[PDB]
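Chains as they are written, first to last, in PDB author numbering: chain A, 680 to 727; chain B, 1786 to 1833; chain C, 244 to 340; chain D, 488 to 631; chain E, 343 to 390; chain F, 1257 to 1400; chain G, 86 to 157, 163 to 246; chain H, 1594 to 1649, 1656 to 1737; chain I, 1449 to 1497.
Yeah, the Cβ is synthetic: ideal placement off N, Cα and C, and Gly gets one too.
Inspection log for the structure reproduced underneath, given as structure tokens.
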Amino acid sequence: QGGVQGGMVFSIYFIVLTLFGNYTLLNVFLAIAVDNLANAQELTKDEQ
Amino acid sequence: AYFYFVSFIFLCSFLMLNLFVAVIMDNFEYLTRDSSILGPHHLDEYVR
Amino acid sequence: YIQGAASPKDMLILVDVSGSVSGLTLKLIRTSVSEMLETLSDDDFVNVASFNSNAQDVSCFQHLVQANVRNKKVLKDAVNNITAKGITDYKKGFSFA
Amino acid sequence: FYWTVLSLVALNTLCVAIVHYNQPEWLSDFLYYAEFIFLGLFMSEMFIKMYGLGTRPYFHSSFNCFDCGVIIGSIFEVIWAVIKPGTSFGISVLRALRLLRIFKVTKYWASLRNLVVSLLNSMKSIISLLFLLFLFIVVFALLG
Amino acid sequence: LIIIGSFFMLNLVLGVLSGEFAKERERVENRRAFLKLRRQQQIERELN
Amino acid sequence: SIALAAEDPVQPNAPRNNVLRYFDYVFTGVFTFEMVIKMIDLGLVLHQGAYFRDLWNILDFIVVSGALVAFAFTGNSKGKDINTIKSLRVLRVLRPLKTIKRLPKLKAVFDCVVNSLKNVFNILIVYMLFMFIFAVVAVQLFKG
Amino acid sequence: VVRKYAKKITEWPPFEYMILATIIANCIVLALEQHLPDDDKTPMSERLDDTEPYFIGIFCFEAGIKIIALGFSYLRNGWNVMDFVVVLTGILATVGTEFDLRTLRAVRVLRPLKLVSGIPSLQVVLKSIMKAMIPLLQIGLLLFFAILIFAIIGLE
Amino acid sequence: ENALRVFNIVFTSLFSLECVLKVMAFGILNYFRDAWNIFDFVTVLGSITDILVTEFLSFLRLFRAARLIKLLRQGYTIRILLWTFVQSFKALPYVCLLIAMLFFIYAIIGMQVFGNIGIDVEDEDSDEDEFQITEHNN
Amino acid sequence: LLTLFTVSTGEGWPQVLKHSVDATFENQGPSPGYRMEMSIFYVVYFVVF
Ligand SMILES: CC(C)CCC[C@@H](C)[C@H]1CC[C@H]2[C@@H]3CC=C4C[C@@H](OC(=O)CCC(=O)O)CC[C@]4(C)[C@H]3CC[C@]12C
Ligand SMILES: CC(C)CCC[C@@H](C)[C@H]1CC[C@H]2[C@@H]3CC=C4C[C@@H](OC(=O)CCC(=O)O)CC[C@]4(C)[C@H]3CC[C@]12C
Ligand SMILES: CC(C)CCC[C@@H](C)[C@H]1CC[C@H]2[C@@H]3CC=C4C[C@@H](OC(=O)CCC(=O)O)CC[C@]4(C)[C@H]3CC[C@]12C
Ligand SMILES: CC(C)CCC[C@@H](C)[C@H]1CC[C@H]2[C@@H]3CC=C4C[C@@H](O)CC[C@]4(C)[C@H]3CC[C@]12C
Ligand SMILES: CC(C)CCC[C@@H](C)[C@H]1CC[C@H]2[C@@H]3CC=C4C[C@@H](O)CC[C@]4(C)[C@H]3CC[C@]12C
Ligand SMILES: CC(C)CCC[C@@H](C)[C@H]1CC[C@H]2[C@@H]3CC=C4C[C@@H](O)CC[C@]4(C)[C@H]3CC[C@]12C
Ligand SMILES: [Ca+2]
């Protein structure tokens, strides 16, 4: 889109994608890991 | 050079991760705080 | 070699200048057309046309010109100043050629 | 029986790892026949349990169903190689996942089994999470 | 710039998220689902 | 440790390296003296208080032994075998690790890191098995 | 904004399934489009483009049914608001071209998000993700201040 | 450029009045017992220093750039979160030391093994991915 | 394993992906965009590890 002269407003697409994508991935996968591992720890302790 | 760099990436990430959890789990009372239940953070409001 | 390898020709280069040839393909096309024009003698007659959606002549020539050292220069200069924009129509470029 | 079939899986796992870019021709011939030998033994190991334990008790076991899939997949690959030579996926390597059963002898089975139990419990949630994550990629892909 | 901007912020993000996941586990609706999971496992052990 | 950081790698015959070489003799001498008295106070034989029983003692033993052996090869002829003596000089990088045992709070942090490895070891084995499966599949797809 | 209650007819289960099917079809149609430089179109582009009236008409019809049944509690739901703006922007571009309306085609990218509105199960999962990142906004305020300070220093 | 510099003189004057006004009100000693007051005092002293020299480099006026941090105290939850984590890094000094030793040991091994590699090599081929050991990276 | 470890750290995998899709046959050179279905290998790999 033009260059540095006219296309600098298009960096917002990339900034939003990497900023949101970086932490959305962390939120989704860390929540999966924490919840399922914490369940397994309590579930194991209770049976013992 | 294969062992030099491959082991460094594992050890640097592992040691840095242990630093993160040590700092996180030191303030774990604050991170899991609830506004309803009294906490040390509330007591500063009494001082002012 | 070119003189002894074939007989005099009546060549009509048909260049596609629709939108999709924009960028590298256009530079390759112009270089290819120039290099093809270099393989033409004075016994050979050539004219270059282009088509995006309506065919037109690239240069002032309208019918066919012998490949002099100067007619070829005119054609090369005209080819080096074409731009890509439109939707290809083969039935209108071939009916022109 | 339990340890003997498990030792066969270790040999099969080793066999698929030896393959390299320029392996000697004698190695290729040995591995070509060895795949059929290993495939035959595991298909027979399927049928012994099927007749020994009954068709219904065998299939209802979750572990045995996984063995079925790799066995069926292995048959699919060999016929696929003849029809369209040039492509091999090494589906037989998935049999190496049976080595995780060795954790039963250790004290660590309870922790590992419970993690899989909890993952299968919330399978509906995990699939929905990946779909929503996939949807936002599609929206950003369409915007790009 | 890297230490403060990248490694220190990553530490807070893990810290804040981990605290939130701990609080979410002890929610009433989430605890009941786990209690159902624990009972269902106890049946399977005895049934086997 | 600071001496190992000043040394010039590019210039083997740099004036600085010549000066630092004399310092290497002294530091080995100090480590030799503390080694023998630790062997004298304790026992080499495995009488449950053995000097070789403690793991860090082997680590101390390696550093001093490599320095002494490196002198023997250099002693006979200075440049008869440059390759192995250059390899032995690298063992000096273990000097900073001798700090961990002596400092109480540094050892405590070290034990916590080792404790974390023990907890995640069982998952680490599962991680490598899954990565092994992907590696074997990737070989079949893109070999050659 | 309706004629109070006068033979108002509500929905039945196949209706939302038909809506779901047409949304999936629209997503496939969007995924089948190829963009070529400098006003060049592929032959399939015209065939894909002429399908837009059908999709927009179906969406307008379902929005009309919901708006008359609820009575314009339609805009109370956030998902319906997103549905309404999708319908509105489409009609402006589809009907009439006097103003510059190539930009308004970019709003079509949000149509796959109508899968979340249609399927109530996905809404509950989506609530879980956004709930956790509410605290993270305060981290972003620290991040912006850190970037601002280092940008000034780098500027100097 | 001159207009921007003029506004600096206006602000550094007012920011000096606040220090003068607080010191008299709080007292010489009590005022100098608060961390922000010294931080404010060193900032005004640094900025006023450069101005006189110009008439008779100012990178220490970037301490004035740090004045924006004072706005953080208004937002409570950010201030507590930032302060608590900073205090935790002070209570764990040896954990940071272990990371420093890993960098130390791996640095010395690199110098002895990979130090000899030459960097002056450059050619028209210029396979930049091939050669990453350069004047800057070595 | 070394190549996959590089991809796990995230550095340079776009080039590894480009080489993977352009591969044609054993002992034969690349051809651009030959096997574009091999992208599924790296997408599944990222999800897991
Ligand atoms: C489950 C684990 C423990 C299995 C054992 C590990 C194998 C996956 C690895 C270990 C070492 C590897 C070997 C290391 C080096 C070579 C030499 C290589 O031969 C050549 O480089 C040239 C051969 C020729 O030209 O004759 C062939 C592959 C092979 C045997 C490798 C095959 C794969 C091996 C056996
Ligand atoms: C961070 C902790 C571990 C202490 C820091 C250790 C090193 C980073 C320092 C300590 C002493 C320093 C050295 C002290 C003196 C010199 C000589 C100085 O003079 C020269 O240019 C070489 C001499 C000559 O030209 O003859 C060059 C830097 C150097 C090697 C210094 C490089 C950096 C060193 C190794
Ligand atoms: C977070 C996760 C769940 C989302 C990952 C997205 C995948 C579902 C996407 C990303 C890359 C896509 C692939 C990119 C390339 C191709 C090749 C292409 O197939 C062809 O043969 C097309 C020919 C050509 O393009 O030249 C279309 C399917 C496929 C495998 C795509 C299938 C869908 C994939 C795997
Ligand atoms: C014992 C600890 C402090 C080790 C410290 C040694 C350092 C600080 C000393 C020891 C040997 C010294 C070097 C000896 C050789 C030279 C070459 C000479 O022409 C200039 C000074 C220079 C470069 C010295 C710099 C400082 C130096 C490296
Ligand atoms: C030690 C081995 C396993 C790899 C070293 C760890 C680092 C280099 C790797 C492993 C996990 C990787 C991250 C895992 C999580 C994500 C998801 C998203 O948030 C951005 C990518 C990102 C950030 C990856 C980038 C690089 C990463 C941090
Ligand atoms: C989770 C464990 C079991 C890992 C095993 C799954 C991996 C190895 C499988 C799952 C999906 C598979 C891909 C599916 C489709 C194709 C297209 C085909 O033309 C080439 C192989 C390729 C690209 C496969 C490669 C192997 C693959 C990535
Ligand atoms: Ca075209």
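Item: For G168/G, which of helix, strand or coil comes out of DSSP?; Value: helix
Item: For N1273/F, which residues of its own chain have a beta-carbon under 8 Å away from its beta-carbon, when the five flanking residues on both sides are left out?; Value: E1263, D1264 and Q1267
Item: Using the Cβ count rule (16 or more neighbours within 10 Å means buried), how would you classify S211/G?; Value: exposed
Item: Tell me whether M103/G is buried or exposed, calling it buried when 16 or more other Cβ atoms sit within 10 Å of its Cβ.; Value: exposed
Item: Between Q510/D and ligand 1, is the CB less than 7 Å from at least one heavy atom?; Value: yes
Item: Can you list every residue whose CB sits closer than 5 Å to some heavy atom of ligand 3, going in chain order?; Value: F621/D, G1481/I, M1484/I, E1485/I, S1487/I, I1488/I and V1491/I
Item: In angstroms with no decimal places, state the Cα-to-Cα distance between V1808/B and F350/E.; Value: 11 Å
Item: Taking the CB atoms as reference points, tell me whether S1456/I and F1497/I lie closer together than 8 Å.; Value: yes
Item: Check whether the Cβ of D190/G lies closer than 7 Å to any heavy atom of ligand 7, and answer yes or no.; Value: no
Item: Hey, is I1389/F close to ligand 6, as in C-beta under 7 Å from one of its heavy atoms?; Value: yes
Item: Which two residues bound the contiguous beta strand (DSSP E) that contains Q299/C?; Value: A298 to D300
Item: Quick one: is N1595/H buried, meaning 16 or more other Cβ sit within 10 Å of its Cβ, or exposed?; Value: exposed
Item: Along chain H, in chain order, which residues have C-beta atoms closer than 8 Å to that of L231/G?; Value: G1674 and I1677
Item: According to DSSP, is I330/C part of a helix, a strand, or is it coil?; Value: coil
Item: Taking the Cβ atom as the reference point for each residue, do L356/E and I229/G lie within a distance shorter than 8 Å?; Value: no
Item: Is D125/G near ligand 7, in the sense that its beta carbon is under 7 Å from a heavy atom of that ligand?; Value: yes
Item: Interface residues of chain H around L1796/B at Cβ under 7 Å?; Value: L1701
Item: Quick check: the Cα distance between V1806/B and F1813/B, rounded to an integer number of angstroms?; Value: 10 Å
Item: Taking only beta carbons into account, state which residues of the segment 1356-1372 of chain F come closer than 8 Å to chain B, listed in chain order.; Value: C1368, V1369 and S1372
Item: If you measure from the CB of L602/D, is any heavy atom of ligand 6 nearer than 7 Å?; Value: no
Item: Would you call the segment 256-266 of chain C and the segment 294-302 of chain C touching, i.e. three or more CB-CB distances under 8 Å?; Value: yes
Item: If you run the structure through DSSP and keep just helix, strand and coil, what is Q720/A?; Value: helix
Item: Restricting to Cα atoms, I'd like to know which of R1483/I, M1484/I and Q1463/I is closest to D1728/H.; Value: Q1463/I
Item: By DSSP, does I1381/F sit in helix, in strand, or in coil?; Value: helix
Item: Would you kindly check if the distance between the Cβ of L629/D and the Cβ of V199/G is under 8 Å?; Value: yes
Item: Which residue marks the beginning of the alpha helix (DSSP H) containing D253/C, and which one marks its end?; Value: Looking at the DSSP string, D253/C is not in any alpha helix (DSSP H); the run it does join, the beta strand (DSSP E), is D253 to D259.
Item: Are the beta-carbon atoms belonging to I330/C and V301/C less than 8 Å from one another?; Value: no
Item: Is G1458/I near ligand 5 - that is, is its Cβ less than 7 Å away from at least one heavy atom of it?; Value: yes
Item: Which residues of chain D have a Cβ atom closer than 8 Å to the Cβ of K1399/F, listed in chain order?; Value: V506, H507 and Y508
Item: What separation, rounded to the nearest whole angstrom, lies between the Cα atoms of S1609/H and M1617/H?; Value: 13 Å
Item: Does ligand 7 have a heavy atom nearer than 7 Å to the CB of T268/C?; Value: no
Item: Identify the residues that DSSP records as bridge partners of residue 342/C: which are they?; Value: No answer is possible for residue 342/C: the residues shown for chain C start at 244 and end at 340.
Item: Starting from the Cα of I1381/F, find the closest Cα among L599/D, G560/D and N608/D and give me that residue.; Value: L599/D
Item: Just to check, is the beta-carbon of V1464/I closer than 7 Å to a non-hydrogen atom of ligand 6?; Value: no
Item: Cβ of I1381/F within 7 Å of any heavy atom in ligand 1?; Value: no
Item: Could you tell me the distance, in whole angstroms, from the CA atom of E147/G to the CA atom of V206/G?; Value: 16 Å
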